[PDB]
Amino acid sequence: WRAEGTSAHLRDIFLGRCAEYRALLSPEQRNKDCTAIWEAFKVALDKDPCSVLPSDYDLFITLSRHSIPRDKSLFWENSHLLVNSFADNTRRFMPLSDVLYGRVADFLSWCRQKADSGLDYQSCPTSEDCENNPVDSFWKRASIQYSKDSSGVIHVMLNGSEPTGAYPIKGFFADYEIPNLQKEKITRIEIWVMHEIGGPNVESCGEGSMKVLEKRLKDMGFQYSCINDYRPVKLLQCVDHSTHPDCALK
């Protein structure tokens, strides 16, 4: 295979993450059964590593699905860590990685042996290796869910120091989330184009790809707006470049 092998102590981690996340859920929704969630998640783990479909994770999403505060969703591209860091375990925001079905699988990897019945710790199929692998189908399922369940003001943090462009016209946000946003429940969409401190300003609002994304969102009938280096997040990046001039306080 060409992707990272299945995560060590996957079950241990999974159940643990799920365990801690409960305290975060509202009482009415605290009732989650992690072992049931794990048992359901495993259904895809038993199948051929190149024959897993998003729909396989339907049961898993059923037992772990839960509400997302209006105005607290945070979609993103090329900024996984920064997103996790800023959101702060649902405190500031609630990105997919901060929703039960996302938290449990964040940064992890998994797949069954190509021929054997165990877990392949050597390597898992990437997108190229074959489309229907467990990790991709999972995130396709989870992201679709996350999008349908979002509401209010939708925020999107993009990387403007990304060589190839801020908005990947072919990533999860573009292919699986935007097509699944519920217009009736969304008031407007806000984009945060974050540039690296000092880093290359490859693209800012309304430039290049950001023009495509903007045109598409508007064509769809959404209310659009874009911000460059949204201050709160700029400050966070600054935590690691305090001496740099872009991070100097008055």
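Numbering starts at 1 and follows the sequence shown.
A.B. asks: Going by the B-factors listed in the PDB entry, is the mean over the C-alpha atoms higher for 21-29 or for 223-231?
C.D. replies: It is 21-29 that shows the higher mean C-alpha B-factor.
A.B. asks: Comparing 202-210 with 63-71, where is the mean C-alpha B-factor higher?
C.D. replies: Here the higher of the two C-alpha B-factor means belongs to 202-210.
A.B. asks: Just the C-alpha B-factor column, please: which of 95, 179, 168, 118 has the biggest number?
C.D. replies: Among 95, 179, 168, 118, the highest C-alpha B-factor in the entry belongs to 118.
A.B. asks: Based on what the PDB entry reports, which of 123, 85, 159, 147 has the top C-alpha B-factor?
C.D. replies: Largest recorded C-alpha B-factor: 123.
A.B. asks: When the modelled residues of the chain are sorted by Cα temperature factor, does residue 128 land in the lowest, middle or highest third?
C.D. replies: Within its chain, residue 128 is a highest-third residue by C-alpha B-factor, going by the deposited values.
A.B. asks: Using the B-factors in the PDB entry, rank residue 36's C-alpha atom against the chain and give the third, lowest, middle or highest.
C.D. replies: For residue 36, whose C-alpha B-factor we compare with every modelled residue in the chain, the answer is the lowest third.
A.B. asks: Please place residue 108 in the lowest, middle or highest third of its chain by C-alpha B factor as given in the entry.
C.D. replies: Lowest third, going by the recorded CA B-factors of the chain.
A.B. asks: Which third of the chain holds residue 141 when residues are ordered by C-alpha B factor: lowest, middle or highest?
C.D. replies: Tercile = lowest for this residue's CA B-factor.
A.B. asks: For residue 135, return the chain-relative third of its C-alpha B-factor as stated in the PDB record: lowest, middle or highest.
C.D. replies: It falls in the top third of the chain.
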